[PDB]
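Peer 1: for now just these chains, pulled out of the complex without moving them:
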Amino acid sequence: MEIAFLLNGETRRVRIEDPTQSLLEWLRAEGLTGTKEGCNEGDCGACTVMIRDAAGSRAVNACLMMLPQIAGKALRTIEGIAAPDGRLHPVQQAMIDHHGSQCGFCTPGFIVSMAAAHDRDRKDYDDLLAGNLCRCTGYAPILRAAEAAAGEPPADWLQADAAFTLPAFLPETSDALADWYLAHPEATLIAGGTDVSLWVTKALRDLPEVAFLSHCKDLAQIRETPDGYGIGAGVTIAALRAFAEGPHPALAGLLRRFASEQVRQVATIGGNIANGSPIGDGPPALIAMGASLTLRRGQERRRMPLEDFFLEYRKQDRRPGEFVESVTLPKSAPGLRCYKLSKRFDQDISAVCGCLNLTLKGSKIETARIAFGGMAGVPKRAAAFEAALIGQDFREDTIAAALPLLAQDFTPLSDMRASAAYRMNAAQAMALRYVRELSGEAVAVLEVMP
């Protein structure tokens, strides 16, 4: 099998014989020593590369990226950020000037990460550089640098990659996928690969029969339907967050804190769903806004509410040959709110994920949709608490009066990320928060100005 791409200006073709070899691997093996290793878990962006296609330029972790994904793309590694003549990117200079370097290790990652921001003219460095972390400098020097490098015109040589191109199954149409997946049930599906590649790098697992869904445009679709919005299973979180901005400012606000910008570009919605995580942050939002999932067993189409998809832990309503095709979320959901709670804000596994969405009819609670992540070993809606709230006053005291019913809805776990007591306690705390925020209280800690 052969795939081609644009490696730092040069046109390169490659023969795939191992489909699961990461891009970090390939580069270092090839000699591109500028891309570094930090963990191979995606958390530290020491290997942030730059890719480009019909969509635009994006910053990704090379350690999560399987080679058959960059097929047809344009790749820029750290050793290829600077101009071919030798002139440094406005980002590289600003980083020299403003001392964004101490040990120099995370520097390649930031450079690439900042360069891609610089190219797409992006400025939310807080969220943008949240992927690659540094032990040394305290980020302040990098933040000054990025702001100084902002003023300078985009790298015109990096821009030149745009004109490009204009054994291990890779589908091009959603039919062709269902076609193939109808005959290969025991086939390892790779969308973004942000969970499957952690089985190969960390868990060290061999997986023949692989299929990259990251080449099916018709599976990665935003489409408007009479009832609401039909988001395809191939839609990336970054885009899902970008689309929510309008219709669902609350969902976007949660997706802000979904992994990093690096992982959000490649990690998908239907991947997150089909992954089936209880500490998965996608579902609780979608379940609190009553969004129907959609499956495909060839020419078959099931369409159940997402909460029904998750039965037991590690056990889902997947049939042999069935796959997640799309999700459907209704137009507006003004009462929805999402509360992520973890040791650190950016890029962390949430101990409790609180999603609340009621309607009013004056003061009386109409339809309650309270859903939780990480509270019991499956993302489920809180029934006893929910049944108590419906047909009651929307005041603090009444909501405080049904809080113990959550301790019957779940009986949380106690790992390194939270004691059950606190996990349970914060779950209750999110309900008081919801009544306070909606009444117009200052509840958000992140929104406070120095």
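Peer 2: Arrived safely, thanks for sending. Numbers count the residues shown, from 1 in each chain, chains lettered A, B, ... in the order given.
Peer 1: centroid-nearest residue for chain A?
Peer 2: Central residue of chain A (Cα atoms, centre = their mean): residue A:264, 3.6 Å from the mean position.
Peer 1: distance check, that residue against residue A:347.
Peer 2: 10 Å (Cβ to Cβ, to the nearest Å). All C-beta spots, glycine's among them, are computed from the backbone N, C-alpha and C.
Peer 1: go on, residue A:86?
Peer 2: Applying Cβ to Cβ to residue A:86 and residue A:347 gives a distance of 35 Å.
Peer 1: isn't residue A:353 up against residue A:338?
Peer 2: Yes - using Cβ atoms under 8 Å, residue A:353 makes contact with residue A:338 at a distance of 7.3 Å.
Peer 1: identify the contacts common to the two.
Peer 2: residue A:284 (Cβ atoms under 8 Å, 6 or more residues apart in numbering).
Peer 1: of the two, who's got more company?
Peer 2: Neighbour count, other Cβ atoms under 10 Å: between residue A:353 and residue A:338, residue A:353 has more, with 30 against 26.
Peer 1: bridged to that one, which residues?
Peer 2: Residue A:353 has the following beta-bridge partners by DSSP bridges: residue A:340, residue A:373.
Peer 1: ok, it - contacts?
Peer 2: Here residue A:353 is in contact with A:279, A:281, A:284, A:338, A:339, A:340, A:341, A:372, A:373, A:374 (Cβ under 8 Å, 6+ apart).
Peer 1: what does the helix or strand containing residue A:141 contact?
Peer 2: Here residue A:141 sits within helix A:140-150, counting by DSSP states H and E. Residues outside helix A:140-150 that contact it (Cβ under 8 Å, 6+ apart): A:89-91, A:93-95, A:97-100, A:110, A:114, A:117-118, A:123, A:125, A:129, A:134.
Peer 1: in helices, which of these appear?
Peer 2: Under the assignment DSSP state H, these contribute A:90, A:91, A:93, A:94, A:95, A:97, A:110, A:114, A:117, A:118, A:125 to helices.
Peer 1: in a markdown table: the residues you listed, plus distance to residue A:421.
Peer 2: Converted to a markdown table, those look like this (distance: Cβ to Cβ, whole Å):
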| residue | distance to residue A:421 |
| --- | --- |
| A:90 | 51 |
| A:91 | 46 |
| A:93 | 51 |
| A:94 | 47 |
| A:95 | 45 |
| A:97 | 49 |
| A:110 | 39 |
| A:114 | 42 |
| A:117 | 41 |
| A:118 | 46 |
| A:125 | 37 |
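Peer 1: most neighbours out of those residues, which is it?
Peer 2: That'd be residue A:114 among these, by other Cβ under 10 Å, with 30 neighbours.
Peer 1: give the contact list for the nearest residue to it once chain neighbours are set aside.
Peer 2: Once flanking residues are discounted, residue A:114 sits nearest to residue A:91: 4.5 Å by Cβ to Cβ, 6 or more residues apart in numbering. Applying Cβ under 8 Å, 6+ apart, we find residue A:91 in contact with A:81, A:111, A:114, A:115, A:118, A:145, A:146, A:149.
Peer 1: include chain B as well:
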Amino acid sequence: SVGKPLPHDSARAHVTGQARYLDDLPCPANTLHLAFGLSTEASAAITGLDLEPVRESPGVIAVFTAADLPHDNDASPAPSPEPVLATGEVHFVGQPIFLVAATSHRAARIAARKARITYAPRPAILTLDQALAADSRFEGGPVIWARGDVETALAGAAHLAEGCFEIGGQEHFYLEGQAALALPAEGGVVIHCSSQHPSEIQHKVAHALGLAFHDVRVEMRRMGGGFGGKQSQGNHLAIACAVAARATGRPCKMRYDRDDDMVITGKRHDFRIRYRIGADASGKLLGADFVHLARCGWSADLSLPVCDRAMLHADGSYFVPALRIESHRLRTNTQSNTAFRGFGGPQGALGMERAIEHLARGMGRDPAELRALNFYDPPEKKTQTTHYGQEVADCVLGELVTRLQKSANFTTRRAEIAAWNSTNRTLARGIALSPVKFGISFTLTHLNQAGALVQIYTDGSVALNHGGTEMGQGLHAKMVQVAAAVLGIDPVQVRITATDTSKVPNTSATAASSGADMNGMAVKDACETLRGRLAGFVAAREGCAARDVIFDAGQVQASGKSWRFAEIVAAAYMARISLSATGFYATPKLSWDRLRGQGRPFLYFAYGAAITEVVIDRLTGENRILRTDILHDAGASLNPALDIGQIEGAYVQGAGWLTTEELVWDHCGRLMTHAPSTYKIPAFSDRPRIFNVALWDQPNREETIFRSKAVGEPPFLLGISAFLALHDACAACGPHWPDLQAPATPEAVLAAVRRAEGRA
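Peer 2: Alright, chain B goes in next:
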């Protein structure tokens, strides 16, 4: 060059990716890669070890038992033994029992798991309470130092406050993991490694192979971070590499993966501190009584000197007439804790900062005023001493705090919060000031020596080589700036070599913030010698006294004539004057009795202060810094810019230790937080939204390199500020004492709000 804000020695090579670390380095087509096989049992006798499936795993060229090791199975920095490969029994979950050598790194990691090991498990010491109750401790008892009679002061102290609080550990999270390469250069070996201390790597490899020190050569260009982790825990890989190299005849490289790294190697000693602090009616402290319980792990490592520094810094920043520490060196079947930025100073100092704060709240006095009232006296007939009895006559904390609080607008903001608090019911703000007094020099005092070696080539251009090692602190930059300063030449003309045991022998670790101080002096010695040679030669050739030959701006001037530095060297070459010199330095005035707890361990102290503002969500415990104001004393800074940077990051890392970084073990001694997914260092958006770091510019009282002040470890202790401000936020909730614990994770923060509120 000295005193200029010049950039890091590789800042361009950094920013372009061409800076090359150990794993980046090219090497022979036959280089094998190594992986440790790790014990899954916390305290067991290995009664079965079948490495048959390991050897049969593909790519595997060699697989090693402790029995296979030709010589010294020891890596410990202590005279106390610590094996590399387990000997008959295992002592913590993550102890390397064996060593795979495979044709690829991947392959060896795979084979490492394929081991068939049967353990005969014994009871295991995991908590301090167990260790202490089972007498699982080091040094054979606690260390006990007393100044005056605490008991008697507390008997009749007008105000006394007692408490007991936990201080968690800290993983290093250097971006470049532990790494080494061995090269069998016939007869002996050559070791390349990401190490803070090349000379101990030499020592340890030498012993493991059984060849005299002159046959082991250690080169070290840079590290991706060190922070204390690389100060010893290099020995294991560098032994593993040289032992496999010797045996397989091939060059052997080894690097941990993040998962291995945290499991195998040791972190910052977690402490428990009991405090009994007393004052009078005026506010002046009558004496403090401390007990340290230290989590040293299954092995000594650097636990001895670490807890000595903890006790030394038990004075915080304050004069105490009667002070007593009882420091316990406890052993547990967990990772052998090691060095970490501050080397124990942070731990002892935090116990003083928790005691002083708890006293302030108790007597209902403003902590800042109570701290101000209790500082050491400013210099200029009896000077105050510490609890170890070292005169403190370099303390500028009076002025510094006054300087900072004015610039940080301290009073207005604290009153501004009072109002903000009464308007809020879900969110609370906090603000606190924290002082720093940190002694500079090695606890163990003979390590206080540094060496250099300077070449001057016929084209003028010089080659610099010292004993210090680059982990990002910008050490070489300062050395280049000193070297260029002394010879009177452009820093361009100075080139830095990789650290070599064959260039500068018998180095110490690049530790205790001494690196820049002593090597600076070392460099200066060799440079002065060379500069003297050139001056003598000129004044002979030009007729006059050498004193009158001025070396400046790459130009030499004598007899009212001038040459370029280049022109003078070539001539002195032609004259046959040697253009190569060594330079040495050993820190003066140092003398103390560890077991007595008396003397002067330090040459001087480094001071600073930090004011931090934070917010806390009362419902969940979520938290974040809003502003930070630092005014650290760097003496006459060698590099203003580089220093300011160090102080920024040191603070961010300091606070990171007392906030979101948390180490967690299960009921079996298994590190549950062994990846970046579960260990949360400060991430970009965590930076103090308003971050004011300013220098205190006043020449060092002591004769240090260009009046400078070692700025490595000290500004780490500024992080306390954030922990205190977070407590100040909790104090604002209820009338009760919060009892906030380190680390102050959202959960631990909520638990303090909860106490102040009076719940559960």
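Peer 1: same as before for the contacts of helix A:140-150, with chain B this time.
Peer 2: A:89-91, A:93-95, A:97-100, A:110, A:114, A:117-118, A:123, A:125, A:129, A:134, B:645, B:648, B:684, B:687-688, B:691 (Cβ atoms under 8 Å, 6 or more residues apart in numbering or on different chains).
Peer 1: could you list everything residue B:708 pairs with in the sheet?
Peer 2: Applying DSSP bridges, one finds that residue B:708 bridges with residue B:635.
Peer 1: near residue 142, how many residues? Count them for me, please.
Peer 2: No chain in the question, so chain A it is. Residues near residue A:142, counting by other Cβ atoms under 10 Å in any protein chain shown, number 27.
Peer 1: um, chain B though
Peer 2: Neighbour tally, residue B:142, other Cβ under 10 Å: 19.
Peer 1: contact residues of the stretch 351-500 of chain B facing chain A?
Peer 2: Contact residues, the stretch 351-500 of chain B versus chain A (Cβ under 8 Å from any Cβ of the partner chain): B:424, B:425, B:426, B:427, B:471, B:472, B:473, B:474.
Peer 1: any quick PyMOL command for the buried ones out of those?
Peer 2: Only the buried entries of these go into this PyMOL selection, using 16 or more other Cβ atoms under 10 Å in any protein chain shown:
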select buried, chain B and resi 424+426+427+471+472+473+474
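Peer 1: wait, which of the residues of the stretch 351-500 of chain B next to chain A is closest to residue A:194?
Peer 2: residue B:472 (29.9 Å; Cβ to Cβ).
Peer 1: next one: that closest one from residue B:196, what distance?
Peer 2: Distance from residue B:472 to residue B:196, by Cβ to Cβ: 11 Å.
Peer 1: quick one: common contacting residues for those two?
Peer 2: B:223, B:226.
Peer 1: tell me what the longest helix seen in chain A is packed against?
Peer 2: Secondary structure of chain A read by DSSP H shows that its longest helix is helix A:420-439. If you count contacts as 3 or more Cβ pairs under 8 Å, 6 or more residues apart in numbering or on different chains; DSSP states H and E, helix A:420-439 packs onto strand A:336-341, strand A:352-360, helix A:396-400, helix A:406-409, helix B:746-757.
Peer 1: can you put the ones you listed in TSV and add distance to residue B:339?
Peer 2: Putting those into TSV (distance: least, Cβ to Cβ, whole Å) gives the following:
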stretch	distance to residue B:339
strand A:336-341	34
strand A:352-360	37
helix A:396-400	49
helix A:406-409	45
helix B:746-757	26
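Peer 1: nearest to residue B:318, out of the ones you listed?
Peer 2: Across those, closest to residue B:318 is helix B:746-757 (Cβ to Cβ), at 24.3 Å.
Peer 1: starting at the chain centroid, how far to that closest one?
Peer 2: 31 Å (Cα atoms, centre = their mean, to the nearest Å).
Peer 1: what does stretch A:19-36 give?
Peer 2: 23 Å.
Peer 1: with adjacent residues omitted, what lies nearest to the residue in the stretch 151-300 of chain A that chain B sits nearest to?
Peer 2: Across the stretch 151-300 of chain A, no residue is closer to chain B than residue A:204, which sits at 5.6 Å (Cβ to the nearest Cβ). Distances taken as Cβ to Cβ, 6 or more residues apart in numbering or on different chains place residue B:110 nearest to residue A:204, at 5.6 Å, with adjacent residues excluded.
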